[PDB]
Amino acid sequence: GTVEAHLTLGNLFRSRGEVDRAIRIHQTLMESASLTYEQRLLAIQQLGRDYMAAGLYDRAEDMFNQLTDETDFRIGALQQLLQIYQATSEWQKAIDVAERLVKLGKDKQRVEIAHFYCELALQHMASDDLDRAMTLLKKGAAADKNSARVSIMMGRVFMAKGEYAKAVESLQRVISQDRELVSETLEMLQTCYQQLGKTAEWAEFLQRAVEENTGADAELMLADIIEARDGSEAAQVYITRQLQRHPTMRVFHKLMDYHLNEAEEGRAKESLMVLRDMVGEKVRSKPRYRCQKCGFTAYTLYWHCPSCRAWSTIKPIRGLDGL
Amino acid sequence: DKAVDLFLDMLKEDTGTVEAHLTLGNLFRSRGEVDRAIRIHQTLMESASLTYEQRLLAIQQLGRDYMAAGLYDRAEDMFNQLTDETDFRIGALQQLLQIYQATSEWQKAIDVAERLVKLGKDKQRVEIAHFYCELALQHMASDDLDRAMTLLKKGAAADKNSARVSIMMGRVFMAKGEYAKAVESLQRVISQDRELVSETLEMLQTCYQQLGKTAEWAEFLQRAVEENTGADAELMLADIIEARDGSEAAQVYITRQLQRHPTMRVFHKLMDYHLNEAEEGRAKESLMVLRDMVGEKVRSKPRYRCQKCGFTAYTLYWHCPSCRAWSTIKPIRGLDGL
Ligand SMILES: [Zn+2]
Ligand SMILES: [Zn+2]
């Protein structure tokens with residue numbers, strides 16, 4: 001009746017962005033004596049959502065904390081608390097709430113739990129545990145065994161410990177977890193294979209990677225192998241063939257290097273070097289990654305999209321301006 | 001209906017019945033519930049207790065309601081009631097200006113824009129000229145060239161610096177077969193907008209052909225290259241050099257401009273010469289692969305970009321689809337525009 005109208009009117013002001021008005025309406029309702037207990041819970045819930053929209057997370061937390069012990073509100077209350085603790089980077093608290101949601105039991109929240117443990121592990125990778133970091137990552141793996149991020153971070157910790165064999169095992173898990181993130185592991189894997197004395201196998205790994213269209217990284221990397229091994233002629237032939245098959249400005253830029261280093265010298269090179277330099281500056285200015293959810297582009301890999309707040313949606317950009 | 005009345009009731013106890021109706025109508029408009037917004041604001045207008053100032057606010061809100069609904073003529077009837085009120089005049093005129101453009105009522109758009117200019121909105125001079133161009137475009141459909149030209153001249157009087165007016169005058173002069181006059185008009189773009197010179201090159205090429213003044217044409221391209229207007233003039237001038245001074249002399253010019261203003265298009269042109277001479281080997285391999293890739297990159301890259309909002313396109317728009325600004329979309333520079 002009147003109570004639902006009050007609740008709704010408050011909601012309308014919230015979605016309009018007039019959160020102060022929403023707060024006033026819902027708080028006055030929450031504090032009214034005419035309300036039933038159930039109606040009051042509804043008021044507390046909406047007031048909680050008002051505080052969320054306002055960025056008043058301590059206040060929001062107080063509201064939702066009052067609903068976790070209510071069957072009709074428990075699910076939403078934990079869900080909102082989960083959002084709060086992420087927004088405030090209270091990862092341990094986010095885990096605990098996500099745990100309750102999982103034991104209630106929300107399925108997909110295992111994904112976020114893994115990321116939360118990763119966030120915690122980062123705090124111990126800094127200050128260099130490193131045992132504490134690995135412990136957290138293992139808990140992360142337990143939560144989501146299909147998490148590419150966990151695999152990558154374990155690889156980095158293993159490499160820090162000089163455990164290159166174990167690093168390869170973790171890093172190559174990415175192949176079956178998220179193909180689009182394999183390119184993020186190539187630099188680390190290259191170092192690992194060198195430490196393991198398996199440079200030959202690495203060259204084959206890359207050969208198969210290019211065949212699976214891993215992109216410019218795996219191509220340029222294998223080109224440097226062809227060069228040091230079979231000379232600059234064999235490398236230029238390779239890049240030439242690949243450039244036709246997978247046109248990219250990065251491979252383009254490399255092929256110009258081969259020509260520029262072989263053909264000299266004079267006004268022909270002068271203008272050519274100017275162009276190749278232009279390509280280089282352009283490649284350097286372009287974004288490397290892009291959120292597949294909201295199209296937020298970036299320069300470095302974000303696991304948590306600063307825009308849409310989603311997890312593991314930002315992948316390397318493909319195409320001519322990508323890899 | 002009953003819900004709205006409930007909403008109005010609880011708002012009234014806090015802010016008064018007038019502000020309650022205004023606010024709630026506004027709230028529903030912003031939600032896309034414009035039918036609801038109109039009925040709320042209409043009900044407010046039925047009140048006998050409205051002060052004159054409050055009635056103006058209600059009129060303003062209904063105008064905005066009708067605009068949101070696309071009931072433009074009803075919106076106009078509202079805003080026209082506000083253009084003599086000091087606190088509402090500028091905003092009302094601007095709303096009307098937006099309406100008339102949305103409805104392609106160019107002459108009414110001109111009339112309100114001209115009043116805004118008088119009231120200090122100098123930026124509307126640019127738009128007035130465009131509106132006259134839109135009107136000119138109608139009398140060219142429709143080979144009514146004399147009226148089209150009359151309209152373009154009114155456009156020039158509003159904005160003597162309008163490049164679009166110069167280009168369209170060029171079109172009309174070319175339609176009349178008066179090619180010298182077309183040249184005089186089109187060449188004003190050199191001073192009116194450096195970045196739109198490239199848009200005149202094809203028309204000027206045609207004019208100079210009809211005039212048989214092939215020497216004055218190369219002279220203009222030199223002016224355009226000197227002003228750095230893009231790769232189009234460089235490529236056109238390159239063809240003139242090749243036919244006049246041979247392929248070698250052209251490759252040297254292009255290499256010069258490529259060292260000076262590097263672009264993919266000019267680079268592609270430079271590659272054509274090498275490929276046109278090179279024989280089988282690593283040349284026909286790497287050079288061909290490179291050339292064809294540049295060709296695809298050029299063939300795919302958009303040519304234009306709005307300098308205001310960043311919207312890109314493959315053809316020139318005078319009116320930006322994204323931000324609705326005029327004269328903001330220009331050719332993209334760098335590789336390979338410059
Ligand atoms: Zn995103
Ligand atoms: Zn725009």
# chains A, B, ... in the order shown; residues from 1 in each chain; ligands from 1
$ interface_residues --of "chain A" --to "chain B" --cutoff "8 Å" --atoms "only C-alpha atoms" --output "number ranges by chain"
A: 2, 5-6, 9, 12-13, 16, 237, 240, 243-244, 247, 252, 267-268, 270-272, 274-275, 278
$ residues_near_ligand --ligand "ligand 1" --cutoff "8 Å" --atoms "only C-alpha atoms and all ligand atoms" --output "list in words"
residues 290, 291, 292, 293, 294, 295, 296, 304, 305, 306, 307, 308, 309, 310, 313 and 314 of chain A
$ write_last_selection --atoms "C-alpha atoms" --output "PDB file, in the first residue's frame"
ATOM      1  CA  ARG A 290      40.444  -5.184 -23.976  1.00  0.00           C
ATOM      2  CA  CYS A 291      37.598  -6.205 -21.661  1.00  0.00           C
ATOM      3  CA  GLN A 292      35.265  -8.557 -23.535  1.00  0.00           C
ATOM      4  CA  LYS A 293      32.410  -7.258 -21.367  1.00  0.00           C
ATOM      5  CA  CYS A 294      32.481  -3.452 -21.637  1.00  0.00           C
ATOM      6  CA  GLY A 295      35.251  -2.856 -24.181  1.00  0.00           C
ATOM      7  CA  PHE A 296      37.572  -1.206 -21.671  1.00  0.00           C
ATOM      8  CA  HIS A 304      39.705  -6.922 -12.266  1.00  0.00           C
ATOM      9  CA  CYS A 305      38.198  -4.600 -14.872  1.00  0.00           C
ATOM     10  CA  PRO A 306      38.359  -1.034 -13.483  1.00  0.00           C
ATOM     11  CA  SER A 307      35.238  -0.270 -15.536  1.00  0.00           C
ATOM     12  CA  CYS A 308      32.652  -3.060 -15.261  1.00  0.00           C
ATOM     13  CA  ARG A 309      34.284  -4.749 -12.240  1.00  0.00           C
ATOM     14  CA  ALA A 310      34.146  -8.191 -13.899  1.00  0.00           C
ATOM     15  CA  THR A 313      37.266 -10.717 -19.024  1.00  0.00           C
ATOM     16  CA  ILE A 314      40.263  -8.712 -20.234  1.00  0.00           C
TER      17      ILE A 314
END
$ closest_residue --among "B:306, B:34, B:133, B:313" --to "ligand 2" --atoms "only C-alpha atoms and all ligand atoms"
B:306
$ residues_near_ligand --ligand "ligand 2" --cutoff "10 Å" --atoms "only C-alpha atoms and all ligand atoms" --output "JSON list (two decimals) with C-alpha atoms, in the first residue's frame"
[["chain", "number", "residue", "atom", "x", "y", "z"],
["B", 305, "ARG", "CA", 37.16, 11.39, -37.39],
["B", 306, "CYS", "CA", 35.10, 13.83, -35.32],
["B", 307, "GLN", "CA", 37.58, 16.13, -33.59],
["B", 308, "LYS", "CA", 35.05, 16.65, -30.78],
["B", 309, "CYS", "CA", 33.75, 13.21, -29.76],
["B", 310, "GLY", "CA", 36.16, 10.92, -31.64],
["B", 311, "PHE", "CA", 33.53, 9.20, -33.78],
["B", 312, "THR", "CA", 35.11, 7.78, -36.94],
["B", 317, "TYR", "CA", 29.77, 14.08, -42.41],
["B", 319, "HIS", "CA", 26.75, 16.81, -39.02],
["B", 320, "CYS", "CA", 28.30, 14.31, -36.60],
["B", 321, "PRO", "CA", 26.05, 11.26, -35.97],
["B", 322, "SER", "CA", 27.45, 10.94, -32.45],
["B", 323, "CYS", "CA", 27.74, 14.39, -30.84],
["B", 324, "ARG", "CA", 25.54, 16.35, -33.26],
["B", 325, "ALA", "CA", 28.24, 19.02, -33.74],
["B", 326, "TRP", "CA", 28.80, 20.71, -37.11],
["B", 327, "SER", "CA", 32.14, 21.07, -38.92],
["B", 328, "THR", "CA", 33.99, 18.86, -36.42],
["B", 329, "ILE", "CA", 34.65, 15.84, -38.67]]
$ residues_around --residues "segment 100-105 of chain A" --least-positions-apart "6" --cutoff "8 Å" --atoms "only C-alpha atoms" --output "list in words"
residues 75, 78 and 79 of chain A
$ atom_distance --atom1 "atom CA of residue 162 of chain A" --atom2 "atom CA of residue 133 of chain A"
15.2 Å
$ decode --residues "segment 142-265 of chain A" --atoms "C-alpha atoms" --output "PDB file, in the first residue's frame"
ATOM      1  CA  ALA A 142      41.326 -25.526  -4.662  1.00  0.00           C
ATOM      2  CA  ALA A 143      38.507 -23.008  -5.114  1.00  0.00           C
ATOM      3  CA  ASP A 144      38.806 -22.906  -8.916  1.00  0.00           C
ATOM      4  CA  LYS A 145      41.114 -25.471 -10.507  1.00  0.00           C
ATOM      5  CA  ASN A 146      40.335 -23.904 -13.897  1.00  0.00           C
ATOM      6  CA  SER A 147      41.717 -20.477 -12.957  1.00  0.00           C
ATOM      7  CA  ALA A 148      44.389 -19.363 -15.423  1.00  0.00           C
ATOM      8  CA  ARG A 149      45.370 -16.533 -13.078  1.00  0.00           C
ATOM      9  CA  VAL A 150      46.245 -18.982 -10.306  1.00  0.00           C
ATOM     10  CA  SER A 151      48.360 -21.021 -12.719  1.00  0.00           C
ATOM     11  CA  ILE A 152      50.246 -17.929 -13.865  1.00  0.00           C
ATOM     12  CA  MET A 153      50.890 -16.658 -10.347  1.00  0.00           C
ATOM     13  CA  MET A 154      52.062 -20.084  -9.147  1.00  0.00           C
ATOM     14  CA  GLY A 155      54.428 -20.113 -12.117  1.00  0.00           C
ATOM     15  CA  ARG A 156      55.897 -16.787 -11.043  1.00  0.00           C
ATOM     16  CA  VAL A 157      56.331 -17.941  -7.434  1.00  0.00           C
ATOM     17  CA  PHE A 158      57.915 -21.209  -8.580  1.00  0.00           C
ATOM     18  CA  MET A 159      60.310 -19.274 -10.815  1.00  0.00           C
ATOM     19  CA  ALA A 160      61.185 -17.031  -7.870  1.00  0.00           C
ATOM     20  CA  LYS A 161      62.052 -20.180  -5.915  1.00  0.00           C
ATOM     21  CA  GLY A 162      64.144 -21.467  -8.814  1.00  0.00           C
ATOM     22  CA  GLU A 163      61.684 -24.333  -9.303  1.00  0.00           C
ATOM     23  CA  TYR A 164      61.496 -24.060 -13.069  1.00  0.00           C
ATOM     24  CA  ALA A 165      60.126 -27.568 -13.676  1.00  0.00           C
ATOM     25  CA  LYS A 166      57.118 -26.896 -11.455  1.00  0.00           C
ATOM     26  CA  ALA A 167      56.723 -23.457 -13.045  1.00  0.00           C
ATOM     27  CA  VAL A 168      56.373 -25.032 -16.495  1.00  0.00           C
ATOM     28  CA  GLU A 169      53.721 -27.421 -15.172  1.00  0.00           C
ATOM     29  CA  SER A 170      51.597 -24.588 -13.761  1.00  0.00           C
ATOM     30  CA  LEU A 171      52.143 -22.192 -16.668  1.00  0.00           C
ATOM     31  CA  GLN A 172      51.224 -24.764 -19.310  1.00  0.00           C
ATOM     32  CA  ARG A 173      47.931 -25.442 -17.506  1.00  0.00           C
ATOM     33  CA  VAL A 174      46.785 -22.155 -19.062  1.00  0.00           C
ATOM     34  CA  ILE A 175      46.658 -23.936 -22.428  1.00  0.00           C
ATOM     35  CA  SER A 176      43.566 -25.872 -21.322  1.00  0.00           C
ATOM     36  CA  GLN A 177      42.148 -23.198 -19.003  1.00  0.00           C
ATOM     37  CA  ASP A 178      42.212 -20.119 -21.233  1.00  0.00           C
ATOM     38  CA  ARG A 179      43.796 -20.303 -24.700  1.00  0.00           C
ATOM     39  CA  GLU A 180      43.655 -16.527 -25.099  1.00  0.00           C
ATOM     40  CA  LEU A 181      46.029 -16.071 -22.134  1.00  0.00           C
ATOM     41  CA  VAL A 182      48.732 -18.493 -23.295  1.00  0.00           C
ATOM     42  CA  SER A 183      50.626 -15.542 -24.761  1.00  0.00           C
ATOM     43  CA  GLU A 184      50.937 -14.140 -21.238  1.00  0.00           C
ATOM     44  CA  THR A 185      53.064 -17.162 -20.292  1.00  0.00           C
ATOM     45  CA  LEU A 186      55.545 -17.218 -23.185  1.00  0.00           C
ATOM     46  CA  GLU A 187      58.230 -14.961 -21.687  1.00  0.00           C
ATOM     47  CA  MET A 188      58.187 -16.954 -18.441  1.00  0.00           C
ATOM     48  CA  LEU A 189      58.126 -20.300 -20.236  1.00  0.00           C
ATOM     49  CA  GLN A 190      61.030 -19.270 -22.467  1.00  0.00           C
ATOM     50  CA  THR A 191      63.098 -18.542 -19.361  1.00  0.00           C
ATOM     51  CA  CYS A 192      62.025 -21.822 -17.735  1.00  0.00           C
ATOM     52  CA  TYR A 193      62.936 -23.964 -20.750  1.00  0.00           C
ATOM     53  CA  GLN A 194      66.364 -22.315 -20.887  1.00  0.00           C
ATOM     54  CA  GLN A 195      66.951 -23.119 -17.207  1.00  0.00           C
ATOM     55  CA  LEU A 196      65.801 -26.710 -17.796  1.00  0.00           C
ATOM     56  CA  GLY A 197      68.203 -27.097 -20.707  1.00  0.00           C
ATOM     57  CA  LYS A 198      65.354 -27.722 -23.143  1.00  0.00           C
ATOM     58  CA  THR A 199      65.770 -24.932 -25.712  1.00  0.00           C
ATOM     59  CA  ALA A 200      65.127 -27.424 -28.514  1.00  0.00           C
ATOM     60  CA  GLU A 201      61.757 -28.509 -27.106  1.00  0.00           C
ATOM     61  CA  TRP A 202      60.882 -24.854 -26.595  1.00  0.00           C
ATOM     62  CA  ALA A 203      61.396 -24.155 -30.296  1.00  0.00           C
ATOM     63  CA  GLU A 204      58.927 -26.950 -31.048  1.00  0.00           C
ATOM     64  CA  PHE A 205      56.500 -25.661 -28.407  1.00  0.00           C
ATOM     65  CA  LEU A 206      56.526 -22.317 -30.203  1.00  0.00           C
ATOM     66  CA  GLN A 207      56.109 -23.993 -33.594  1.00  0.00           C
ATOM     67  CA  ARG A 208      52.929 -25.669 -32.368  1.00  0.00           C
ATOM     68  CA  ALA A 209      51.830 -22.430 -30.703  1.00  0.00           C
ATOM     69  CA  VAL A 210      52.029 -20.458 -33.953  1.00  0.00           C
ATOM     70  CA  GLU A 211      50.019 -23.210 -35.654  1.00  0.00           C
ATOM     71  CA  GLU A 212      47.307 -22.767 -33.018  1.00  0.00           C
ATOM     72  CA  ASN A 213      47.342 -19.039 -33.845  1.00  0.00           C
ATOM     73  CA  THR A 214      48.768 -17.809 -30.537  1.00  0.00           C
ATOM     74  CA  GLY A 215      49.735 -14.569 -32.270  1.00  0.00           C
ATOM     75  CA  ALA A 216      52.540 -12.080 -32.802  1.00  0.00           C
ATOM     76  CA  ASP A 217      54.337 -12.856 -29.531  1.00  0.00           C
ATOM     77  CA  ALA A 218      54.914 -16.528 -30.352  1.00  0.00           C
ATOM     78  CA  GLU A 219      55.804 -15.602 -33.926  1.00  0.00           C
ATOM     79  CA  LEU A 220      58.367 -12.911 -33.127  1.00  0.00           C
ATOM     80  CA  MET A 221      59.802 -15.143 -30.410  1.00  0.00           C
ATOM     81  CA  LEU A 222      60.269 -18.090 -32.771  1.00  0.00           C
ATOM     82  CA  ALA A 223      61.638 -15.735 -35.437  1.00  0.00           C
ATOM     83  CA  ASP A 224      64.496 -14.784 -33.115  1.00  0.00           C
ATOM     84  CA  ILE A 225      65.135 -18.512 -32.715  1.00  0.00           C
ATOM     85  CA  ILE A 226      65.216 -19.114 -36.474  1.00  0.00           C
ATOM     86  CA  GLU A 227      67.587 -16.155 -36.780  1.00  0.00           C
ATOM     87  CA  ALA A 228      70.155 -17.117 -34.145  1.00  0.00           C
ATOM     88  CA  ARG A 229      69.999 -20.712 -35.391  1.00  0.00           C
ATOM     89  CA  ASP A 230      69.618 -20.518 -39.184  1.00  0.00           C
ATOM     90  CA  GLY A 231      70.693 -16.943 -39.978  1.00  0.00           C
ATOM     91  CA  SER A 232      68.777 -13.787 -40.876  1.00  0.00           C
ATOM     92  CA  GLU A 233      67.774 -15.155 -44.284  1.00  0.00           C
ATOM     93  CA  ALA A 234      65.760 -18.046 -42.849  1.00  0.00           C
ATOM     94  CA  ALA A 235      64.188 -15.683 -40.311  1.00  0.00           C
ATOM     95  CA  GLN A 236      63.062 -13.156 -42.925  1.00  0.00           C
ATOM     96  CA  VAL A 237      61.498 -15.946 -44.995  1.00  0.00           C
ATOM     97  CA  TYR A 238      59.609 -17.160 -41.928  1.00  0.00           C
ATOM     98  CA  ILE A 239      58.280 -13.732 -40.936  1.00  0.00           C
ATOM     99  CA  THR A 240      57.345 -13.100 -44.571  1.00  0.00           C
ATOM    100  CA  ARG A 241      55.251 -16.265 -44.785  1.00  0.00           C
ATOM    101  CA  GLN A 242      53.684 -15.654 -41.383  1.00  0.00           C
ATOM    102  CA  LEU A 243      52.884 -12.010 -42.129  1.00  0.00           C
ATOM    103  CA  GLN A 244      50.739 -13.162 -45.056  1.00  0.00           C
ATOM    104  CA  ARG A 245      48.962 -15.699 -42.854  1.00  0.00           C
ATOM    105  CA  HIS A 246      48.512 -13.415 -39.829  1.00  0.00           C
ATOM    106  CA  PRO A 247      48.852  -9.719 -40.765  1.00  0.00           C
ATOM    107  CA  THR A 248      49.903  -7.643 -37.742  1.00  0.00           C
ATOM    108  CA  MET A 249      51.702  -4.307 -37.391  1.00  0.00           C
ATOM    109  CA  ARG A 250      54.087  -5.916 -34.899  1.00  0.00           C
ATOM    110  CA  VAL A 251      55.220  -8.641 -37.308  1.00  0.00           C
ATOM    111  CA  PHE A 252      55.137  -5.988 -40.037  1.00  0.00           C
ATOM    112  CA  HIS A 253      57.521  -3.826 -38.006  1.00  0.00           C
ATOM    113  CA  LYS A 254      59.873  -6.780 -37.544  1.00  0.00           C
ATOM    114  CA  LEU A 255      60.047  -7.634 -41.243  1.00  0.00           C
ATOM    115  CA  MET A 256      61.029  -4.040 -41.997  1.00  0.00           C
ATOM    116  CA  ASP A 257      63.899  -4.494 -39.546  1.00  0.00           C
ATOM    117  CA  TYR A 258      65.154  -7.478 -41.550  1.00  0.00           C
ATOM    118  CA  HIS A 259      65.030  -5.544 -44.831  1.00  0.00           C
ATOM    119  CA  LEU A 260      66.537  -2.417 -43.271  1.00  0.00           C
ATOM    120  CA  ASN A 261      69.433  -4.450 -41.870  1.00  0.00           C
ATOM    121  CA  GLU A 262      70.118  -6.120 -45.164  1.00  0.00           C
ATOM    122  CA  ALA A 263      69.606  -3.364 -47.649  1.00  0.00           C
ATOM    123  CA  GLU A 264      71.856  -0.355 -47.492  1.00  0.00           C
ATOM    124  CA  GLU A 265      72.619   2.362 -47.898  1.00  0.00           C
TER     125      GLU A 265
END
